[PDB]
């Protein structure tokens, strides 16, 4: 009589507990610096903050009972200790019998794993507290957080396809918008890199936080270009020409992404390289064809940041902000970047 996702969650945590197992404890104690007490501080901190936000109402989200909060939290903790053990056991240093103290002392990894466990639980129960509610509450940078998602998916095989689909979609949210906000640690990472934005060829062939991020971004945008180039079949020659203008705005106009959506720049790219090329001026016709994509929503092309200071639509964003920046690159097409 339980839902499939809730039943699946039962089978996963069955017989386990919200404390580290004996194997995990052995792995903690083999470290020169034993993480166990710091790991407990973090879960206790996250736990208190979670319950506080869970039980306190806002305009958007009504607060709920503390009994349910503890239930959700206890369940997430159980997942955390199961997944952490699996992660540590399968680690290369573990198999080679090397000290893991450095790996286990990174706070951002433990905070992210615990938040992702909370998100799995909330999703299983079809919580009204919708991502990114959990990382907002816990003060987690999207730019740091998303990295844990791949780890979770590969480290827990008991996750249903639906759980896995959801985790992939919240990763896409981070890549398309959330990691690009003005307060994001992304801009800090770009800054220490001397504002050098990795090109497609460079990360698709580096390997820092920046490169791994842009690798994901470039992969996501290419998939969302391909499908849209299956709308008007275009040609695989032009799908490269359009991928070039989009890469140009990412690398040489990174500010245009700030507080914006990846698809806004990809669509704006589309219309322009069409109009300057033999295959030409495919109109907002592709916007209706953009609606077919899973992540497509009205607010994307209806509501676009201009300056902030009001907020206009995609075509106003384009002619105000975009052409000014992208014209002189695009006009020259009266090189080509490789398409993944």
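Numbering follows the first chain given and starts at 1.
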| property | result |
| --- | --- |
| Residues with no coordinates between residue 308 and residue 309, taken from the deposited sequence as a class | 1 to 3 |
| Residue 1-residue 2 interval: deposited residues absent from the model | none |
| Selected stretch [higher average CA B-factor]: 127-135 or 207-215 | 207-215 |
| Higher-scoring stretch by recorded Cα B factor average, 20-28 or 318-326 | 318-326 |
| Out of 40, 70, 46, 300, highest CA B-factor residue | 300 |
| Selection from 196, 231, 111, 96 [criterion: highest C-alpha temperature factor in the record] | 231 |
| Entry-reported Cα temperature factor of residue 261, expressed as the chain third it lands in | middle |
| Residue 154 CA temperature factor, ranked by third within the chain | middle |
| Third of chain Cα B-factors occupied by residue 242 | highest |
| Third assignment of residue 189 from its chain's C-alpha B-factors | lowest |
| Residue 252 by Cα B-factor - lowest, middle or highest third of the modelled chain | middle |
